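1. part one of the assembly, not moved from where it sits:
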Amino acid sequence: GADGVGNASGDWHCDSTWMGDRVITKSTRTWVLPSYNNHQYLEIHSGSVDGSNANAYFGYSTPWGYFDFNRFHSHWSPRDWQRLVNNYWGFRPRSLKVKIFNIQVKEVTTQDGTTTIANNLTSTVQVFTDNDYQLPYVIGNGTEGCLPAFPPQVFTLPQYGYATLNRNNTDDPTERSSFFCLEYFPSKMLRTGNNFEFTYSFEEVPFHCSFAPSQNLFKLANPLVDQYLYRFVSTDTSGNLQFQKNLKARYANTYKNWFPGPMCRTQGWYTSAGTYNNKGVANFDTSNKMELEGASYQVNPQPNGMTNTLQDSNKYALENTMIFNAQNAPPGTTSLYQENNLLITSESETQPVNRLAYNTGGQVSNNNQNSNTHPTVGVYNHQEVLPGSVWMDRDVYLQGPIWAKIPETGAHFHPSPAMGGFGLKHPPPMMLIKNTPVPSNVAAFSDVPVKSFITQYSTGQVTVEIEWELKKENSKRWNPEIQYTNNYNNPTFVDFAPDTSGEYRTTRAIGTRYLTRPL
């Protein structure tokens, strides 16, 4: 932008603007960027870890870092989120603007145990966006490093890396393994006066459904009126078939037009009461898994179409659950966490249309009845998509992801990501940034590449603006709705606020489904 050393290249924008059918969120944060890998690209790999060869991989770490705004709380204050979920039947993203500005590059020198930091006014950072999706898209896998929830917090940009193909579930590559060089893209170079701006339009995507059903999928018939349909009930002692009319309100017997969503049975576990759970279990051997390339992988939180719990029940299908930490956690922690440390979400709103993850799905005939053979049924633990099936996709959370990239295979079905949010063919592109290397003193020629660099890091601001489209509520429900509310019994701190040490406290996961609709 050529603002120059003494002129700011942008202003602080954090706001929300509510229009009748649209809302515009604006978020600004301060970032800091290390020089990762000391300006080197490094092959990274691993064999089997923790007794699973699904943990083997081959890939690369890069000197670059990237901006990740793919969580709802990056854009939405808690109050704004409340206003959203209490009043609207749905929402979707429409457009995006990003600005990176007020660049400051610092040099670091260490001498005799003391560290000195100074401006380097002539250094650059490099920024580009991968508009054609030519790089592995690591955004939307639920990884850390997003713009923080709380605007004053200063955050470190995560390092860009990726896994390509590995051979036979080992740490070796294959002939098809790809290396991607990020310097092989055009990128803008910014000194301290320069800035970067980017605009993007979302593709057409369905509204997220921010309502809960007020009817049960199998109870849709008028309770006052019989069906004109008849069901087989019994055989008499001579084997003749006997039938009965399907009476009003007998929902066990009514013919059905529509069927519940697909399910994969998932083990149920009791929360807050240990005495009901089986003691000293190691989950991993009995976890739900899918096989790929000769290895077994955990598939949490299972495909869409189930509910992980019943309302006002302490039993959860944990592998069907999005589980968040109430606090930020250090990288690499292996510590065991307990329920009170975590935010365990509930999909219970969808229980009228989604099957319960920890029960059987149903039963079908498994034999051929005859004079000597009584009819029998088998139960089933999984059932995939059926003609005429309906379900609700997983809810989104203030703490949760927004979008995910639909993999490019040429074939898919119902592209809504398991974690929740908007499946996108062309998502917001990766935004990559790195500190340009500055060599240190070099006296003599060599054909060997320079390895010795001045230690530098950079800092600046980033602004993200998203236009959201809203779907208005159009309910005729007479009695009041359930609404998210700030109710606490004798609080010692304000939730969604900094505490006495300045830590931002969040003790609840807030979903979107409060208002109701009939089916």
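-> Looks like it arrived, so ask away. Residues are numbered from 1 along each chain as shown, chains lettered A, B, ... in the order given.

2. end-to-end on stretch A:311-320?
-> Taking C-alpha to C-alpha, to the nearest Å, stretch A:311-320 runs 15 Å from one end to the other.

3. ok, now which ones touch the closest residue to residue A:65 other than its chain neighbours?
-> Leaving aside its sequence neighbours, residue A:65 sits nearest to residue A:157 (C-beta to C-beta, 6 or more residues apart in numbering; 3.8 Å). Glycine gets a C-beta too; all of them are placed from N, C-alpha and C. Residue A:157 is in contact with A:31, A:32, A:33, A:34, A:65, A:66, A:67, A:145, A:433, counting by C-beta atoms under 8 Å, 6 or more residues apart in numbering.

4. widest-spaced pair of those?
-> Farthest-apart pair in these is A:34 and A:67; separation 14.5 Å (C-beta to C-beta).

5. between the two, which is the more surrounded one?
-> Neighbours were counted for residue A:34 and for residue A:67 using other C-beta atoms under 10 Å; residue A:67 has more, 26 against 17.

6. sequence for chain B below, add it please:
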Amino acid sequence: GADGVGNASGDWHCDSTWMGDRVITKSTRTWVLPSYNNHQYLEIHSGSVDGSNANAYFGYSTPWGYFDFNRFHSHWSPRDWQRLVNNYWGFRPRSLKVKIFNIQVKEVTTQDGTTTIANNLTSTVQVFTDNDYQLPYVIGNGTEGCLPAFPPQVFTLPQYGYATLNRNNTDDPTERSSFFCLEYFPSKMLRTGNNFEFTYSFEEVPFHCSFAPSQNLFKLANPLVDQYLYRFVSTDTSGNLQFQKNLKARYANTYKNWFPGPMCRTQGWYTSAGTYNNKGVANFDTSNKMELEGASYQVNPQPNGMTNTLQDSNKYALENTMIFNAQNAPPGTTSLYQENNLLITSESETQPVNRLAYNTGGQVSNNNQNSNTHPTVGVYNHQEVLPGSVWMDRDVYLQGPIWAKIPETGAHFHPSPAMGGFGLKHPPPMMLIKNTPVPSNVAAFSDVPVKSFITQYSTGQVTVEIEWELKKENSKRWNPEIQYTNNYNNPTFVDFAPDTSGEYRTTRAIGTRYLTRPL
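-> Let me add chain B to what's already shown:
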């Protein structure tokens, strides 16, 4: 319409008009409307009934009643239906017009065991349509109360009620239970001179397929020509692999492009011969079921994609069958019915592409073969939608439903209702009507609402006009087709006609699939 006491507000229209690619049906009937619940809204509920807690519910009954034209015989005479199904490959509804007129409100007084009926010229009825689908949509669940099949028959409008959510499969409500007040809508008020008119356009929907396949899905290859493809046949005594060419007409061995529809195995039962059936069976424990919200429900007639019987066979998968009564039945009857009382439909036309409901679906490899281990297979009793699968949706019947509302969840697959007919996102809206309350003598003030009303009922005519689009047959079949025909051996009455007592007799269910097409 302000016609006035002595002027009719509409005329009787029952006709059909056949245009080349369209047909317009017009139906007029006389209705009678009780004052249900004596102008009160009543909470209705139930616990477990007949040993099933799937029969528990919570809901409301309303003073309103509603017009239900959602059966084919409301619009189609038997002869017209014959003309449709013998000559056309498909049809779909396009537009709708409804008129309610010639309102007559009667007051009823009972004194000393004698009942007197008189006109009340100044009373009103109230009518409205739920255009935004803001109320539970109870139409399209197969319940009674439709416009009668036979035009002179006078019918009672059914009472509007609905089930909302209940708690833990009991008779209690939950926090999410909805109460809907129908007086919270604008509605037109009609005295005896007034009328009501409504028009509606159907959304684009696929033609119903009124043909049967003349080829088997697995027999599509030219019987005169070998495939250029080879199959594994055996291993020799040294374990070497052996292969053979797939020969002409060997349809057991041909490679396949396409696969049959999804299936859920359903128990088969013999009709008209009791000796083959298992004696004294109570079906309910061994019925097919699906689990929802912690309860088990019968899912008849199963999802689309199966056939319930084979042509010229007496074995039926009864829970895969639409079963109608030949006669109208009284409300609430628990009597046992026998086969000769009922119309048991057959989907046998689809047997070349739909799998047979009472057999296994197939078999797949269940182990890993090696030097010491012979290959084995398991059979499967259910198989859901596969890539490249094809099937035919259930046929529609003169006696059967027309449309159903697709539930509003944001996610579904192949929205064609299990019962048969057209799945609609925005179906013809509920048309609701009630007798406006007229208080009786009130001498003194009270803040308590008036409970004492003059007993009234109303009667009038309703006309429904539907424009249907037709898909012309374009067959090159040389030999004659199967056609629905009026063939009876020594009849003692005319079918689809009133008998000596005036009862309208219908002894057959008439489907649509007579003409054939190659695949």
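
7. is the closest residue to chain B within the stretch 51-200 of chain A in a helix, a strand, or coil?
-> The stretch 51-200 of chain A approaches chain B most closely through residue A:90 (8.0 Å), counting by C-beta to the nearest C-beta. Following DSSP: H, G, I helix; E, B strand; the rest coil, residue A:90 is assigned to strand.

8. which residues does it bridge with?
-> residue A:209, residue A:471 (DSSP bridges).

9. contacts only, for it.
-> Counting by C-beta atoms under 8 Å, 6 or more residues apart in numbering or on different chains, residue A:90 makes contact with A:207, A:208, A:209, A:210, A:211, A:470, A:471.

10. what's the burial count for residue A:510?
-> Applying other C-beta atoms under 10 Å in any protein chain shown, we find 24 other residues in the vicinity of residue A:510.

11. quick one: it from residue B:341, how far?
-> Residue A:510 sits 57 Å away from residue B:341, going by C-beta to C-beta, to the nearest Å.

12. what's the answer for residue A:483, then?
-> Note on residue A:483: its distance to residue B:341, by C-beta to C-beta, is 53 Å.

13. here is chain C, add it in:
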Amino acid sequence: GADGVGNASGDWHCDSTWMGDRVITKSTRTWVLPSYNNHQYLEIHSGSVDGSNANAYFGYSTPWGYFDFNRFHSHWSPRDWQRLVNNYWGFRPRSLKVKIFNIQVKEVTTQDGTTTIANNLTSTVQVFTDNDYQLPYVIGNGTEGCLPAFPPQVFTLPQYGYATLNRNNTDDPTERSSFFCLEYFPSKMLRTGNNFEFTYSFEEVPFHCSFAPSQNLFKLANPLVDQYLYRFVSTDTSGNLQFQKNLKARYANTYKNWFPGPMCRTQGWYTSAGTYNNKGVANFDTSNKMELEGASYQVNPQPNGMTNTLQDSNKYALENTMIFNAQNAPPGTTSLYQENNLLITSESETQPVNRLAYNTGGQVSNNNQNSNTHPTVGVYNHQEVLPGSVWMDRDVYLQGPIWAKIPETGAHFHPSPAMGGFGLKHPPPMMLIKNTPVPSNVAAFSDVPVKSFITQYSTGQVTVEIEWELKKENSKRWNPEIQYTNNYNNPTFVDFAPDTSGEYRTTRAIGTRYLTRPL
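-> Chain C goes in next, on the same frame as the chains above:
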């Protein structure tokens, strides 16, 4: 309107329409009108009753009845009210439309213990509005007879009567007592085809404040900074004056710009725990009272400016409280009611700016200090309006009144009615209606007025439409707000819904103050 016998003169309108800054409510109800006093005007009076001569009065009852829509639930469904109070900082009425239509006049004859009811097609009702406020305005005194909360309920119009002046607190009139004849106004006469319409604009009036303060009136100073002001603290042993700086956050000592509202101390009583209350008290002798014309009257709920309770406390100043019945009650009941029968409102939201009704207001110096005389203070139990005082007026409730007429005296202060709502100089005018008398058989002349009339009553519909202006919330609060929500533990019925007998159940009083604002 001259619709005629067989033509409806209006339609049913109950709806709400939400525009961005305005909301339009439309309500329609069915009414029934007795012929009160058999078409006679009657002097009514009373002496001392229950030992209080404040109960003496002189006045008149009229044959007329009147429409009273002066309660919020006449216009607002519970869900709509929820939407209002959760999202907006205020509202006020703007315009009004009323229609009376579908008139039906019935004649009643009783013979041998049996009652017969028939239409009288040629009878009239008479309607007029008192546009110039020339009659005693009885609307807005908290009396029964309003349009019901629940739209299907049919209600009886209350009888119009009024009290004029009485002599010396007895049952006699004075020379200044006024008799008002309602037939001395022009009025429209309606047969069964006719209707009546009226439109009205509200005067400019302040928005009701639908928010609660998030700051305490005495805590407004920055807690991080000292005042530059000093306070007298002590005298030393020689009598010299000593002073100290007012330190940061010491809100006991800070100089104040502003002062709390006016108060009248009111006795506090414990709810739900009887053991803390004084036993067997008769309240009336110790009630708060004001004297007028030589008699003593209870002044509940006291003037504005107090709070009746503290948050999460069981102590209430009951005479400072609006107390509603959860149910409709019969006229004239003397039964004792208990807390669980009643809705006891809480003004606790205003506790940061309004003084607590059951404590003392403060203390002031009551003597002159000197060498021999220690300073003393008296406490005070009442304090009226002070310069620089601020307070919040009483909240409004879904169950409560909307407006009140400011008395016409030429002098008043802060005209907001004690009960809550909008003080209006020219409120919506009285709407009066009566059944025109129809004499019975008269054979001979007399100069004495006819006393013998055919017994008649009338019924019809009334529609009321109000345009409301809204004040949008403009909060920067980061953390979530308190919101009214439909939370019930194991409900056996749906609140704000009809129960199994059809009774409309309301177990909560819903105020407007949920959102917060800083001072």
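
14. mind redoing the neighbour count of residue A:510 now chain C's in there?
-> Count around residue A:510 with other C-beta under 10 Å applied: 25.

15. quick one, what contacts it?
-> Residues in contact with residue A:510 (C-beta under 8 Å, 6+ apart) are A:78, A:81, A:82, A:85, A:397, A:398, A:399, A:484, C:480.

16. my read: the fifth one touches residue A:323, true?
-> No. With contacts counted by C-beta atoms under 8 Å, residue A:397 stays clear of residue A:323, the gap being 11.0 Å.

17. shared neighbours, those two?
-> residue A:345.

18. more neighbours: the two, which one.
-> Taking other C-beta under 10 Å, residue A:397 and residue A:323 do not tie; residue A:397 has more neighbours (23 against 16).

19. tell me which residues touch that one, please.
-> With contact set as C-beta under 8 Å, 6+ apart, residue A:397 has these partners: A:72, A:322, A:324, A:345, A:420, A:509, A:510, A:511, A:512.

20. quick one: which of the contacts of residue A:510 has the most company?
-> Going by other C-beta under 10 Å, residue A:398 tops the contacts of residue A:510 with 26 neighbours.
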